[PDB]
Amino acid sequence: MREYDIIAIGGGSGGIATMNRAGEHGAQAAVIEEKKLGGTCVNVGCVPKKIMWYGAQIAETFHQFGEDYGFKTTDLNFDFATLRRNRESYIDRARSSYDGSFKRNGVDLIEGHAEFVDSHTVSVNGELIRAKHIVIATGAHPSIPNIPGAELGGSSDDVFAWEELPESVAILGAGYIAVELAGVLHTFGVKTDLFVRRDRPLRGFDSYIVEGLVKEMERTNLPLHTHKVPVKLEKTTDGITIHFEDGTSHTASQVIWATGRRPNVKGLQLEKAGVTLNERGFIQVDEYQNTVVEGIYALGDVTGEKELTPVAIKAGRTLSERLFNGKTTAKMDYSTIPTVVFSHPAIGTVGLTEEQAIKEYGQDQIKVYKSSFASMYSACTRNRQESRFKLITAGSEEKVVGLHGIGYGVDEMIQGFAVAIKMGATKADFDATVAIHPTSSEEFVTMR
């Protein structure tokens, strides 16, 4: 029968976070996980991507900047197997830390595929498991568009699975994963082509910032192809050929689908428990992460409020504070969540885009500040790399409702500004703060 106070279906960012903090306040917890522990982020997401990004930044330095700083090489050889071995070694050590936290806080790891039997019970390898509280944190999977020959194209999971880098690659998609992988593989020397469906990449991100990314792709000869709707994929002697709606076609060794991600909802027997989906296909929940069935909760990518790791972690930790530390009205705040996209160079954003702020406050009520400049790092070399910053203010007092940036060092500067912006910072609060020179971050506090 198996007795636990609370269980988590899924051992990813959300599941680990919720059960550790539940166990921290003296609850009997259990995590149920199909694949490896740690979920998408540890195994096939944030961690391996960022390690490969750092590798690409070194390749960039060697090839682009080194000569004009007085460094010249003789036989600069890149061994990807060496990077991959050390990438996976770091993931192995990070995955073991999570096992140590389970055992310390009194959380049982149960390897297997969970499946609802009734509203308080789940089935794992035949054996039933019962609990008053059940957290569905099953995460997400890559979206494969329904067209002929789509199975021939791989996904982000296949990119980290690669033991050697292919000759060429064709990336289909316009989101953050597409731009990240395109930048990394291009810098490593793979014949990388990116195909977006309409207009430009990152249509949710601010245009001024994305325009800076497009300019950087032109300058590094990373071919971007706009208005490319894929109709069909097909096998050839060269590899895989893509057929587009406009008329043209293109061929490469590998083809990667990176259009979006959809929630894991289908293999759970949600009708037996009584758990309903919302209209968009995510698990329906309220502001406190409660499903329609009491005693069952959902959070992380499966609920789809904001598909990020620390969103799942805080949502998870906040839920366990509510259930086991008496914080009755405690809930996740989904506004003003900062994001960084590790493109070449990195994009950073928090708050509203210009178009979001117009709909929210009114067209007349929004002011905008822009700053184009080159960083000192790149600007004293052949390869001048443009940075672009933007601040969006609202009201008579000019409340900073959006901050956006692309450039060297942007990845590390957003966190502090996110704290300021969530407190209700005005333009006057920014301008009163003295600059740190010489940095790129000082541009945000000296805009006119």
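In this text, residue numbers run from 1 along the sequence as written.
> According to the deposited model, is the average Cα temperature factor higher in 117-125 or in 257-265?
Replying inline: In the deposited entry, the stretch with the higher C-alpha B-factor mean is 117-125.
>> Going by the mean C-alpha B-factor recorded in the entry, which is higher: 221-229 or 301-309?
In response: Here the higher of the two C-alpha B-factor means belongs to 221-229.
>> Given 185, 240, 202, 347, identify the residue with the highest C-alpha B factor in the PDB entry.
In response: Max CA B-factor in the entry, restricted to 185, 240, 202, 347: 240.
> Between 324, 288, 176, 78, where does the Cα B-factor run highest in the record?
Replying inline: If I rank 324, 288, 176, 78 by C-alpha B-factor, first place goes to 78.
> Comparing residue 1 with the other modelled residues of its chain, is its CA B-factor in the lowest, middle or highest third?
Replying inline: Its C-alpha B-factor, which the entry lists for residue 1, ranks in the highest third among residues of this chain.
>> Among the modelled residues of this chain, does the Cα B factor of residue 343 put it in the lowest, middle or highest third?
In response: CA B-factor rank for residue 343: lowest third.
>> For the chain shown, is the CA B-factor of residue 98 in the lowest, middle or highest third of its modelled residues?
In response: Highest third, going by the recorded CA B-factors of the chain.
> What third of its chain's C-alpha B-factors does residue 401 belong to: lowest, middle or highest?
Replying inline: According to the entry, residue 401 has a C-alpha B-factor in the chain's lowest third.
> Considering only modelled residues of the same chain, in which third does the CA B-factor of residue 172 rank: lowest, middle or highest?
Replying inline: Answer is lowest: the recorded C-alpha B-factor places it there.
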